[PDB]
Structures are given as C-alpha cells and as structure tokens.
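Have a look at the structure below, then the notes.
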Amino acid sequence: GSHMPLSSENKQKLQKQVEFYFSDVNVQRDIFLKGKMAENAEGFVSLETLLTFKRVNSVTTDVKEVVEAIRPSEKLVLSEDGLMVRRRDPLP
C-alpha cells in the first residue's frame with residue numbers, strides 16, 4: 001500500500017492475523033515461532049520476523065504499519081521500542 005494507507009478496518013484485520021499466530025492453539029504447534037520466543041525470557045518476537053509470515057506479508061511489508069495494527073490488542077504487548085511483540089499470557 002506504498003501509495004495508500006492501511007485503514008482502521010484493515011488494521012483490525014491484521015491485528016487478528018498477528019493474534020492468530022500467537023494464539024494458544026497455534027503457538028503450541030509452531031516450532032519456529034516458539035523458537036523465536038525462547039530466544040529471550042520475555043517471549044519477544046521481532047516484528048521483522050512477523051513480516052515474513054504469509055498472513056502478514058500479504059497485508060504489509062512495513063514494520064511501522066504492523067505496530068499500528070497491533071497496538072489495540074489486549075492479547076499482545078509491544079516492546080518499549082516498538083520493534084518486538086510478545087504474548088500477554090504465558091505459554092499454556
């Protein structure tokens with residue numbers, strides 16, 4: 001969308017896609033994602049990593065748009081510097 005913005009509705013759609021990858025059901029089956037989460041004790045995963053996932057990549061290629069899409073979430077928490085995101089809740 002280099003030429004057009006990511007609307008509020010599309011931000012909400014992307015928000016749910018990020019929540020999808022981090023959901024209790026999915027995360028427990030994702031060896032790659034769990035591997036990234038285990039790189040630090042807070043379970044933070046870089047937004048650039050998220051940009052490589054299909055459901056995110058089809059919507060945006062800019063970490064800054066991912067930050068705006070994610071912020072409203074009550075299931076995810078952004079790092080102080082806005083370059084990473086983690087689950088609000090501990091692994092099941």
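The chains in the structure tokens are called A, B, ... from first to last as shown; in each chain the residues are counted from 1, and the ligands are counted from 1 in the order shown.
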
DSSP helix (DSSP H, G or I) selection over stretch 23-74 of chain A, as a PyMOL selection string: chain A and resi 24-27+31-37+47-50+54-57+63-70

Using N, CA, C and O atoms, can you write the selected residues to a file as an mmCIF file, in the first residue's frame?
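File written: part-v6.cif
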data_model
loop_
_atom_site.group_PDB
_atom_site.id
_atom_site.type_symbol
_atom_site.label_atom_id
_atom_site.label_comp_id
_atom_site.auth_asym_id
_atom_site.auth_seq_id
_atom_site.Cartn_x
_atom_site.Cartn_y
_atom_site.Cartn_z
ATOM 1 N N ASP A 24 -3.134 -19.522 21.646
ATOM 2 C CA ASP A 24 -2.769 -20.717 22.398
ATOM 3 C C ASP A 24 -2.724 -21.957 21.511
ATOM 4 O O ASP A 24 -1.790 -22.752 21.582
ATOM 5 N N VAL A 25 -3.737 -22.114 20.668
ATOM 6 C CA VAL A 25 -3.818 -23.283 19.805
ATOM 7 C C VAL A 25 -2.691 -23.371 18.793
ATOM 8 O O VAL A 25 -2.057 -24.416 18.649
ATOM 9 N N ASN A 26 -2.437 -22.267 18.104
ATOM 10 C CA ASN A 26 -1.419 -22.230 17.068
ATOM 11 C C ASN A 26 0.021 -22.200 17.543
ATOM 12 O O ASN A 26 0.862 -22.939 17.028
ATOM 13 N N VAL A 27 0.309 -21.346 18.516
ATOM 14 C CA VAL A 27 1.669 -21.217 19.016
ATOM 15 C C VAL A 27 2.237 -22.542 19.494
ATOM 16 O O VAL A 27 3.417 -22.818 19.302
ATOM 17 N N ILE A 31 6.841 -24.696 15.943
ATOM 18 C CA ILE A 31 8.200 -24.896 16.423
ATOM 19 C C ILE A 31 9.078 -23.689 16.107
ATOM 20 O O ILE A 31 9.915 -23.282 16.919
ATOM 21 N N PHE A 32 8.899 -23.122 14.922
ATOM 22 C CA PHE A 32 9.701 -21.972 14.552
ATOM 23 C C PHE A 32 9.378 -20.787 15.444
ATOM 24 O O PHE A 32 10.283 -20.160 15.994
ATOM 25 N N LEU A 33 8.095 -20.471 15.587
ATOM 26 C CA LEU A 33 7.716 -19.329 16.410
ATOM 27 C C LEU A 33 8.125 -19.537 17.868
ATOM 28 O O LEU A 33 8.634 -18.610 18.509
ATOM 29 N N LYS A 34 7.909 -20.735 18.402
ATOM 30 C CA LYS A 34 8.311 -20.989 19.784
ATOM 31 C C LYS A 34 9.818 -20.823 19.923
ATOM 32 O O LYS A 34 10.312 -20.419 20.982
ATOM 33 N N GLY A 35 10.546 -21.135 18.856
ATOM 34 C CA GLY A 35 11.990 -20.995 18.891
ATOM 35 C C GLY A 35 12.391 -19.539 19.037
ATOM 36 O O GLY A 35 13.327 -19.210 19.768
ATOM 37 N N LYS A 36 11.695 -18.662 18.326
ATOM 38 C CA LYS A 36 11.997 -17.234 18.397
ATOM 39 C C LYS A 36 11.650 -16.708 19.787
ATOM 40 O O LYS A 36 12.400 -15.925 20.389
ATOM 41 N N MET A 37 10.500 -17.137 20.289
ATOM 42 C CA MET A 37 10.051 -16.709 21.605
ATOM 43 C C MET A 37 11.013 -17.134 22.705
ATOM 44 O O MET A 37 11.141 -16.442 23.721
ATOM 45 N N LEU A 47 9.176 -7.749 14.997
ATOM 46 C CA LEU A 47 8.136 -7.513 14.013
ATOM 47 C C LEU A 47 8.679 -7.827 12.616
ATOM 48 O O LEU A 47 7.913 -8.178 11.722
ATOM 49 N N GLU A 48 9.995 -7.724 12.415
ATOM 50 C CA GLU A 48 10.512 -8.056 11.094
ATOM 51 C C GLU A 48 10.313 -9.546 10.827
ATOM 52 O O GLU A 48 10.174 -9.958 9.681
ATOM 53 N N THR A 49 10.296 -10.354 11.886
ATOM 54 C CA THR A 49 10.080 -11.779 11.713
ATOM 55 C C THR A 49 8.633 -11.982 11.303
ATOM 56 O O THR A 49 8.335 -12.811 10.441
ATOM 57 N N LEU A 50 7.735 -11.228 11.931
ATOM 58 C CA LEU A 50 6.316 -11.349 11.610
ATOM 59 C C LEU A 50 6.042 -11.004 10.147
ATOM 60 O O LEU A 50 5.161 -11.588 9.517
ATOM 61 N N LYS A 54 3.123 -15.459 5.987
ATOM 62 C CA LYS A 54 2.138 -15.267 4.924
ATOM 63 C C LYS A 54 0.955 -14.349 5.201
ATOM 64 O O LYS A 54 0.640 -13.480 4.383
ATOM 65 N N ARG A 55 0.290 -14.549 6.332
ATOM 66 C CA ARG A 55 -0.884 -13.741 6.647
ATOM 67 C C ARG A 55 -0.559 -12.283 6.942
ATOM 68 O O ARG A 55 -1.439 -11.421 6.905
ATOM 69 N N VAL A 56 0.706 -12.000 7.231
ATOM 70 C CA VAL A 56 1.117 -10.626 7.490
ATOM 71 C C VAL A 56 1.659 -10.024 6.195
ATOM 72 O O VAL A 56 1.312 -8.902 5.821
ATOM 73 N N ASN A 57 2.505 -10.798 5.519
ATOM 74 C CA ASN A 57 3.145 -10.415 4.261
ATOM 75 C C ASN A 57 2.160 -10.037 3.159
ATOM 76 O O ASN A 57 2.467 -9.224 2.294
ATOM 77 N N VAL A 63 7.124 -2.649 9.047
ATOM 78 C CA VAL A 63 7.002 -2.874 10.486
ATOM 79 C C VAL A 63 6.217 -1.764 11.182
ATOM 80 O O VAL A 63 5.560 -2.002 12.191
ATOM 81 N N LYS A 64 6.278 -0.550 10.644
ATOM 82 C CA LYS A 64 5.572 0.568 11.258
ATOM 83 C C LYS A 64 4.059 0.428 11.155
ATOM 84 O O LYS A 64 3.325 0.878 12.036
ATOM 85 N N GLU A 65 3.587 -0.214 10.093
ATOM 86 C CA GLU A 65 2.153 -0.422 9.944
ATOM 87 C C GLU A 65 1.737 -1.561 10.877
ATOM 88 O O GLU A 65 0.630 -1.570 11.419
ATOM 89 N N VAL A 66 2.638 -2.517 11.077
ATOM 90 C CA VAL A 66 2.344 -3.632 11.961
ATOM 91 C C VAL A 66 2.207 -3.117 13.393
ATOM 92 O O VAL A 66 1.381 -3.605 14.149
ATOM 93 N N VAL A 67 3.003 -2.113 13.755
ATOM 94 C CA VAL A 67 2.926 -1.549 15.101
ATOM 95 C C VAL A 67 1.539 -0.943 15.338
ATOM 96 O O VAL A 67 0.915 -1.174 16.380
ATOM 97 N N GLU A 68 1.050 -0.178 14.365
ATOM 98 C CA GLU A 68 -0.261 0.455 14.487
ATOM 99 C C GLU A 68 -1.381 -0.579 14.535
ATOM 100 O O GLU A 68 -2.358 -0.428 15.273
ATOM 101 N N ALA A 69 -1.235 -1.629 13.743
ATOM 102 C CA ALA A 69 -2.234 -2.682 13.704
ATOM 103 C C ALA A 69 -2.298 -3.456 15.016
ATOM 104 O O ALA A 69 -3.374 -3.838 15.473
ATOM 105 N N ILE A 70 -1.137 -3.682 15.621
ATOM 106 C CA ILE A 70 -1.050 -4.447 16.856
ATOM 107 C C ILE A 70 -1.418 -3.719 18.142
ATOM 108 O O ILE A 70 -2.046 -4.303 19.017
#

Test item, strand (DSSP E) assignment across chain A, answer as a VMD selection string: chain A and resid 45 to 46 76 to 78 84 to 87

Would you mind exporting N, CA and C atoms of the selected residues as a compact mmCIF listing (two decimals), in the first residue's frame?
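Saved as again_11.txt:
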# COMPACT_ATOMS: atom_id res chain seq x y z
N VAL A 45 9.20 -11.38 20.07
CA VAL A 45 9.49 -11.78 18.69
C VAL A 45 9.55 -10.50 17.86
N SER A 46 10.59 -10.33 17.06
CA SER A 46 10.73 -9.11 16.26
C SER A 46 9.63 -8.98 15.21
N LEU A 76 -1.68 -9.05 22.98
CA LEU A 76 -0.28 -8.83 22.62
C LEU A 76 0.26 -7.58 23.30
N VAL A 77 1.57 -7.54 23.49
CA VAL A 77 2.23 -6.39 24.11
C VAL A 77 3.46 -6.04 23.28
N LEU A 78 3.57 -4.76 22.90
CA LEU A 78 4.69 -4.27 22.11
C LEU A 78 5.85 -3.89 23.03
N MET A 84 9.41 -5.13 18.69
CA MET A 84 9.05 -6.51 19.01
C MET A 84 7.67 -6.63 19.65
N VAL A 85 7.15 -7.85 19.70
CA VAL A 85 5.85 -8.08 20.32
C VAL A 85 5.88 -9.43 21.03
N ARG A 86 5.12 -9.53 22.12
CA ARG A 86 5.05 -10.76 22.89
C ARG A 86 3.61 -11.05 23.29
N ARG A 87 3.35 -12.29 23.69
CA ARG A 87 2.03 -12.67 24.14
C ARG A 87 1.82 -12.02 25.50

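Between atom CA of residue A:22 and atom CA of residue A:7 lies a distance of 22.7 Å.
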
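Separating atom CA of residue A:15 from atom CA of residue A:83 is a distance of 15.5 Å.
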
Residue among A:88, A:41, A:9, A:14 lying closest to residue A:61, counting only C-alpha atoms: A:14

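Proximity of A:74, A:82, A:62, A:89 to residue A:5, computed with only C-alpha atoms, is greatest for A:62.
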